Amino acid sequence: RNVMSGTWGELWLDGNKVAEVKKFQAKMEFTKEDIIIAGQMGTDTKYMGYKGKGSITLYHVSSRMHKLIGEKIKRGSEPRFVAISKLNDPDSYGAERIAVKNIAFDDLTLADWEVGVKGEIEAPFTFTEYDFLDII
Amino acid sequence: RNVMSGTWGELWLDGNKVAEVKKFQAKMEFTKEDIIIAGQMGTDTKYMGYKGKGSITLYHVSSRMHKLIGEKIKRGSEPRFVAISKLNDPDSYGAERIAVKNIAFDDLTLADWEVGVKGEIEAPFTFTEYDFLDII
Amino acid sequence: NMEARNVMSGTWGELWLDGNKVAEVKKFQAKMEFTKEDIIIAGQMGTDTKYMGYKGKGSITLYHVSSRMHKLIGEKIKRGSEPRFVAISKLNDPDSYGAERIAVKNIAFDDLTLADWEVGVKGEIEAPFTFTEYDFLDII
Amino acid sequence: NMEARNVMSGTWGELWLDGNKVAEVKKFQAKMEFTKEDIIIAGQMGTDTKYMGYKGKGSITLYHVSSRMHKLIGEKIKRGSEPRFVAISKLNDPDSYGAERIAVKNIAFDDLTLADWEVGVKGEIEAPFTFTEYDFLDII
Amino acid sequence: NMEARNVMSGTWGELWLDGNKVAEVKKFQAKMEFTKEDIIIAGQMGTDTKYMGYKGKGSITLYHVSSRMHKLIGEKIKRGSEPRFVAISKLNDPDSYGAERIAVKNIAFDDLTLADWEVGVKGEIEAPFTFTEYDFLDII
Amino acid sequence: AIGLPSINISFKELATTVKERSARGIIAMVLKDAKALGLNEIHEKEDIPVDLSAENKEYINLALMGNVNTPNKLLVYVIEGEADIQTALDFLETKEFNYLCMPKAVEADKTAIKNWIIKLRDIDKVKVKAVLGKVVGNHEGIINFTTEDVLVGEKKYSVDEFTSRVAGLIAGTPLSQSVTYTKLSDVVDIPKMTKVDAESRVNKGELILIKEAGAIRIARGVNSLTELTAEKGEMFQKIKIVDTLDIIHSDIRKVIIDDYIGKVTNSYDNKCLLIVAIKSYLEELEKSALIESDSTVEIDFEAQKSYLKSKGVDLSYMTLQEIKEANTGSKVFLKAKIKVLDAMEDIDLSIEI
Amino acid sequence: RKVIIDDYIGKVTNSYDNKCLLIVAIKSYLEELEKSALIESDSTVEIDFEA
């Protein structure tokens, strides 16, 4: 038995393959409310919703994010995208794919550099719904 | 005399044995209120209830959490589970088992990977009642 | 019997206004205020009351997606005619025991909001009303 | 004698309404408001009062698990008849000195809540009432 | 249909006052308060109301960029003549379904602010008013 | 397949009932007759076989009267005039029931019935009971009704014949209530009995009738079990408690036998899983207020110890945990502790002047 | 004795709530006897703690 290594990771953003990607991460956080029921010491919770959060980290090879969202952000209309993540370690038995839909990005990084350091860009995002392909 | 090592730890979740588990933890936190009584400098407390908290940490061998809760979370119904933890160090004299009931998970991790790093998943949870089997 | 999951959540409600489903709804509330008069009866210290009638009140709050509220009553109010509407509220939580539906009739609104906006703030419109009658449909 | 553990906790209460135990209860409160008139007596600076009667008031708040409150009075109110109920409250804390039980009689409710919900908020229903009589059962 | 992006935002509004566009505008609000009288009809418990008229109210808040409000009415008020203005509000959000425009007529202002400042605080001026008539232009 | 579109309106008057039957309660009667041989289930009065004699009709009608609700179903087995009871018992093994009664019997056949009931309860662990005329058995599954010359109507019914009415009355009682001090309207009079003799007779462990207060009523709801071991309880003499316990035992079978027999390896982990499942089942019964709270399920230590000693195992110098970890071949030993509330049957009131 | 025999022996489950209901019934009977002025109006009924 082997655990999948993250070296074998590929990302598709808006139908284009992202050649440079250091890491990818997507999570769903639930919303709960405390409810106290008469006659019981233990406290129970009621599930009332969820939120989707995540981020990307990619090397500064090109100006992808600007060409994606820059002019539309100024104009006043916010675009939404779909991203696909694939994790297929040859040692492991099977692969795994996830489709993340209705993505909105939190910020834009125009420029960032320092002497003797290779540039890196990380952009958090929030999503609403996901779909699953090639479940292990 | 020897202290049990966590290497000999096994976990059963929803009636299925969890092959990969790095650590397991469950705790009960009490609720207290400060009460000041006339004529006494020391301040006393009254116990009003308790909360159950814990988490799991397991390697990303398979897509267990999604098959557990994914569709039901979207639909609007939250499932509850029962987990059993066993700790039996051969050096120590006896074993210990605990049944944790009415478990609800705090979040769901769709995908998380990085270059050169084996994947790990940790999922916090909250519970209400516990039962003890094979006390020491 | 009693459990946390059984509590109804407001996210699962929906509201029909004049036969058209309203999707941009934030909250809906209806209530009946009884009218009671104090009566003192000789020989008893405790005061007792007599029920004489009820008054219905409520309000609707909804996101400012479109100018729906104007098209209903804006032109009719100026001319001197007051319309009456019917609203249906359904609360269907999968965890709770089924769903409850109520029809509120003879609704007349209290005010009309022509415009309300502020820089950096999302728009919302709240409209209070009064009613007279109601029905029970699929009560739990 | 006096100690912190002796203080009663509200988690241990329970409420019977019309002979049926209510499990989805959040809080219960009953009170009696006396009526007193100021009387000035010649030769004394301090004013003194005369007691003439009392008025009873209270309220019940409960989670919106089911449409219990409608089935009690909804149809009767429209026709013109007002029902009266009996409530029993028991507060039994293991640490305190036993338990106290009280019966509140001749309860008449102030209002009926047809619908109340909001997106992202759990539902709750509170109903105030007035009473006239009471009994003491197993008082401490 | 319904989506988050469809909700209008206040940053996209603008206001014309007396035919001159006001750029330093913070918020604008207009409303119509109906007048209703309670009427009790024999044989029915629920009270019903009769609509008799409406009253218009609103306010404007703007940054203290320039002394615009003085030049309009300051000299006329002392002499005994009250002017009437016309305001147009347009709300045009690119994401929402188009834009809505409303003209508010016969506006009369409630007060005039000669001076208002405090150390370390930016200046703002808010002016409430009352109106009588309105038009609908390009309603959604 | 697809037919023409159809709109049909049906009117039915589903209001023809009184003294509705309970969901629980199944009575099995085996009879000797020349006709209608075989099993003939009787749901109600309208479906009664016509070829039966008058005696069997009278016995069935006696068994058709309950306390508050009528019994759910009646299984009437008819045997020929000269036949052995073994075939009827073997046929009845396939069927399921709660009580079995014999209107017409002999002394020797009662012994066979008692032996069959004991073997079924112990060896096969199937919880059923029988009502017998004069059997002195010392088992909780046996009920002996020992009053004679019951005058129902104008006939001196025998004790064995009235065991049918006793069984029907027992089956009709709801779970909450008991059978103590329940009045029998049909009965007219009883042979003379002094109070102290009746008290001693019921103390020995018997089912009797007495004349107290307004009319005739059952003295007590005790069982035939008359001696108590350390393991056995004093609560096992009451019929209501035993009925609830047997209902629970039969219900847990859909958890145990359906899945955990022949489909799961016998390892201590699976034993713990089964224990957890049983406890979780018992919690639901507690929440419905059928039994009291704080019910524990755990491994039967003493029975497992005895089984281990039966084979070649030196029980000395073994840890208690080591004893529990032992693999007992292909058998599992479990023990549960539950409490059932009894009905009000005794009152002691003291008044201060 | 008649009141207890008629409705309580064998027809209720011996729980605390049923005991309270029986206590209420006995108290109601004593209060009924009060109006005929046979005994005094200070009657109390409760559980025999020591027994």
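Worth a mention:
Labels for the chains are A, B, C, D, E, F and G, by order of writing; each one numbers its residues from 1.
By our rule, a residue touches a chain if its C-beta (ideal position, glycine included) is under 8 Å from a C-beta of that chain, and two chains touch if they have at least 3 such contacts.
Comparing chain pairs D-E and B-F by the number of C-beta pairs in contact, the larger count belongs to B-F.
Note on C-D: across the candidates D-E or C-E, the interface recurring with over half of the contact pairs conserved by residue number is C-E. Rounded to a whole number, the gap between the C-alpha centres of subunit C and subunit E is 27 angstrom.
Here the spacing of subunit A and subunit F, counted between their Cα centres, is 63 Å. Note on chain placement: the centre of subunit B and the centre of subunit E lie 57 Å apart, centres being C-alpha means.
If you average the CA atoms of subunit A and of subunit C, the two centres end up 41 Å from each other. Among all residues of subunit A, those that touch two or more other chains are 35-37, 41, 44-49.
Here the touching chains pair up as A-B, A-C, A-D, A-E, B-C, B-D, B-F, C-D, C-E, D-E, F-G. Contact residues of subunit G toward subunit F in the complex are 2, 4-6, 8-15, 18, 22, 48, 51. Interface of subunit E with subunit D (complex): residues 45-46.
Note for the complex: subunit B touches subunit F at residues 12, 15, 17, 82, 84, 86, 93-95, 97, 99, 101, 131, 133-134. On the side of subunit B, the complex with subunit D involves touching residues 35, 37, 44-49.
Every residue of subunit A that touches subunit E in the complex is listed here, in rising order: 75-78.
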